[PDB]
Amino acid sequence: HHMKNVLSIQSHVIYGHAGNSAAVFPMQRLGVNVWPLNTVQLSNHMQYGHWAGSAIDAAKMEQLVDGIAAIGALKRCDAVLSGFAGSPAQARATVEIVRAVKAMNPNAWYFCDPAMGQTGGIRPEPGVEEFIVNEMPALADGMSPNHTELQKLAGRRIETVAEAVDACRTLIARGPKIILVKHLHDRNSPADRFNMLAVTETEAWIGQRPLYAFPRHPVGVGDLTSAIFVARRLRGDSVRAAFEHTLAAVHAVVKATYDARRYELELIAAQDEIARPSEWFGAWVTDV
Amino acid sequence: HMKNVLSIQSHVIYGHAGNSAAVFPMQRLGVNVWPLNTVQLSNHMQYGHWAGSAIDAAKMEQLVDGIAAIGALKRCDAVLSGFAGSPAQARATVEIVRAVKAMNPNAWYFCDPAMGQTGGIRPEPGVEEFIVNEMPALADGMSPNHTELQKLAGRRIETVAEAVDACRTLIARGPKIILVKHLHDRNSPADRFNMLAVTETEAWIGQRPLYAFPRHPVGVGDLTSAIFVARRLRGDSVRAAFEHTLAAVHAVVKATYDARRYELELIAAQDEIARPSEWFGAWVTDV
Ligand SMILES: [Cl-]
Ligand SMILES: [Cl-]
């Protein structure tokens with residue numbers, strides 16, 4: 001009955017839902033305490049084409065976390081969740097925060113959502129992408145790449161489920177115990193399916209939910225996906241159960257957004273379905 | 001018909017104060033919140049030490065300008081403000097309210113004076129003075145505690161009827177609704193926490209149990225104002241919004257007290273925020 005605590009190190013968007021504005025409320029609604037460290041405050045998502053923002057630097061990130069430690073709270077952190085990093089220095093600061101939390105609490109784990117934004121190519125771009133690919137797997141207990149991010153982490157083109165499982169297993173050999181492929185581009189899947197995968201050293205699960213066609217795809221679905229998975233794991237779910245709850249909860253939010261003809265996620269409207277999804281999509285076993 | 005509130009307050013990473021006490025309860029009550037964080041603190045200042053980052057008044061206006069630039073400001077149904085660290089920040093909040101009301105003339109501004117530890121009838125120069133002198137003409141609702149109400153009214157207030165009259169005099173200055181988020185009633189038993197809600201035509205007094213914490217939790221005032229704002233946005237009557245606020249705040253405070261914690265048990269008590277299991281019906285009062 002002990003409440004778990006997650007330190008969530010992500011961007012904050014005032015209007016709309018991305019980063020901590022997509023992650024904090026769902027985890028709280030799922031019964032987990034969230035300590036949101038906002039690395040930047042943006043007026044709105046960058047996909048609108050223009051925005052205003054204010055960021056903190058890496059030194060300030062460390063100072064803020066020092067404050068949480070000074071009152072004795074940081075050692076009670078049960079998990080760290082990271083997302084978008086605005087600069088290489090911020091990504092390095094995230095790693096140092098994770099190292100401190102894990103040394104204070106040997107049961108704490110780090111879940112890294114690469115959160116590379118709009119990008120492409122197998123090669124990691126210099127700076128943040130390079131740092132995510134080269135440095136983060138060594139400390140991460142779980143990672144939640146989308147397809148593009150998985151190709152960068154693995155250094156490979158990936159087109160099938162089996163190729164993706166193999167890429168996940170190679171990444172797991174670098175450190176992480178679980179890879180949640182939060183969106184998989186499966187050339188063998190029907191076009192109206194949204195595919196996800198959950199891979200550990202000994203398990204692999206495929207899941208599918210309906211793919212909704214948006215004029216512009218909502219930002220924040222990846223951040224929401226990682227957050228729900230983390231919260232369900234903290235609530236004690238097995239890998240399969242956390243995976244299935246994530247798939248079903250994200251479906252409910254995305255469907256609500258589509259039915260409302262909206263671009264920003266219908267996160268608050270769909271909150272009861274985040275906590276207790278009504279429609280379920282059982283996963284099935286796959287392998288290399 | 002989802003409503004949106006722009007909440008302009010401090011953010012605290014660990015624990016619950018400002019937006020870290022206001023945003024989640026309003027969301028849990030079915031209202032969308034756009035949080036504009038004026039500062040980011042590691043923890044609240046009552047611990048004695050803390051770290052913080054901050055934005056200035058110009059950046060606050062620039063951030064809202066960004067929302068306006070994508071055409072979203074017309075979707076703002078209310079603005080909620082609380083503690084202000086400087087007169088410049090309070091003036092930036094006023095400019096933001098003006099910008100919101102230009103895009104949505106139906107939007108309303110709810111000001112929690114949030115003066116903190118203070119005393120006396122005279123407002124202190126600077127922020128307190130601005131709240132007393134300039135805020136009522138701009139705010140559609142205000143949630144003073146007892147000390148703040150005395151400063152707003154320029155009067156000593158000791159009875160419920162005196163407090164209603166002070167609220168009515170303040171309402172004649174601009175606001176449509178006053179929530180006295182903690183009322184000092186010399187005729188009430190010491191173990192009662194009194195609140196009052198007043199409009200030009202209604203006045204409701206209510207009570208929940210007063211708990212004697214060894215160190216009183218921070219953020220109860222922020223939680224109270226936020227729940228009331230959310231219930232009003234959901235369309236509650238004055239009395240219903242008032243009673244839900246009293247019962248939901250009780251549930252959170254009781255949960256915190258029962259666990260002997262300092263930080264509010266906000267997430268643990270979330271179902272009681274939405275559906276309080278113990279109710280404290282209000283009663284009519286007047287001048
Ligand atoms: Cl912030
Ligand atoms: Cl109290």
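The numbers here are math on the coordinates, done by the rules we state, and not lab data. Here the Cβ positions follow ideal geometry from the backbone for every residue, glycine too, while neighbour counts run over all protein chains shown.
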Quiz item: What are the trypsin sites (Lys or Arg not before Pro) within the range A:235-285 that DSSP puts in a loop, where the Cβ has at most 15 other Cβ atoms within 10 Å?
Solution: A:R235, A:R261, A:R262
Practice problem: In debye, nearest 20, what is the charge dipole magnitude of the range B:117-236 about its Cα centre with +1 on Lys and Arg Cβ and -1 on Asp and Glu Cβ, if you could check? | Solution: 240 debye
Exercise. Enter the per residue convex hull volume of the range B:212-261, computed from alpha-carbon coordinates, in Å³ rounded to the nearest integer.
Key: 66 Å³
Exercise. Starting from the range B:67-169, pick out the trypsin sites (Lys or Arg not before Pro) whose DSSP state is loop and whose Cβ has at most 12 other Cβ atoms within 10 Å.
Key: B:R156
Exercise. Please report, in Å, the Rg and the Dmax of the range B:1-134, where both are computed over Cα atoms only.
Key: 15.0, 45
Practice problem: Evaluate peptide A:61-73: per residue, the Cβ atoms of other protein chains within 10 Å of its Cβ; return the mean as an integer. | Solution: 5
Quiz prompt | Test item: Cα-centred dipole of chain A, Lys/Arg +1 and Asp/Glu -1 on Cβ, debye | solution = 260 debye
Quiz item: Toward the positive end of the charge dipole of chain A, about the Cα centre and with charges on Cβ (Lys, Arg +1; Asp, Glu -1), which of A:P277, A:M116, A:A138 goes farthest?
Solution: A:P277
Quiz item: Which whole number gives the average, over all residues in B:37-44, of C-beta atoms from other chains lying within 10 Å of the residue C-beta?
Solution: 5
Quiz item: What's log10 of I(q)/I(0) for the protein assembly as shown at q = 0.10 Å⁻¹, Debye sum over Cα points only, no solvent?
Solution: -0.82
Quiz item: When Cβ neighbours within 10 Å are restricted to other protein chains, what is their mean count per residue of peptide A:78-89?
Solution: 0
Quiz prompt | Inverse mean reciprocal Cα-Cα distance (Kirkwood Rh) of the range A:124-167, Å | solution = 10.9 Å
Quiz item: For B:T38, which sequence-distant residues (separation of 5 or more, or a different chain) have an amide H within less than 5 Å of its own amide H, given hydrogens modelled in the peptide plane?
Solution: B:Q9, B:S10, B:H11
Practice problem: Return the sequence-ordered ³J(HN,Hα) values of the range B:70-83 in whole Hz as given by the Karplus equation 6.51 cos²θ - 1.76 cosθ + 1.60 applied to θ = phi - 60°, using x for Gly and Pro. | Solution: 8, x, 8, 5, 4, 7, 6, 9, 7, 10, 10, 10, x, 4
Quiz item: Which FRET efficiency value, to the nearest 0.05, is calculated for B:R155 and B:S237 with the Förster distance at 35 angstrom and r the Cβ-Cβ distance?
Solution: 0.75
Practice problem: List B:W50, B:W279 from most exposed to least, where exposure is judged by having the fewest other Cβ atoms within 10 Å. | Solution: B:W279, B:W50
Quiz item: Rounded to the nearest 0.05, what FRET efficiency do A:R123 and B:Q117 have when you use their Cβ-Cβ distance and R0 = 45 Å?
Solution: 0.20
Practice problem: Take the Cα coordinates of the range B:74-154, assign each an equal point scatterer, and use the Debye formula without solvent to give log10 I(q)/I(0) at q = 0.21 Å⁻¹. | Solution: -0.90
Quiz item: Where does chain A land on Rg(C-alpha)/(2.2 N^0.38 Å)?
Solution: 0.93
Quiz prompt | Modelled FRET efficiency - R0 25 Å, B:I70 with A:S87, Cβ distances, 0.05 increments | solution = 0.55
Quiz item: Relative contact order, percent, of chain A when contacts are C-alpha pairs under 8 Å separated by at least 6 residues?
Solution: 17 percent
Quiz item: What is the mean projected area of the alpha carbon convex hull for the range B:152-259, to one decimal in square nanometres?
Solution: 7.2 nm²
Self-check item: J(HN,Hα) series, the range A:105-115, from Karplus relation 6.51 cos²θ - 1.76 cosθ + 1.60, nearest Hz, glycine and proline x
Solution: 10, x, 9, 6, 10, 10, 10, 9, 8, x, 6
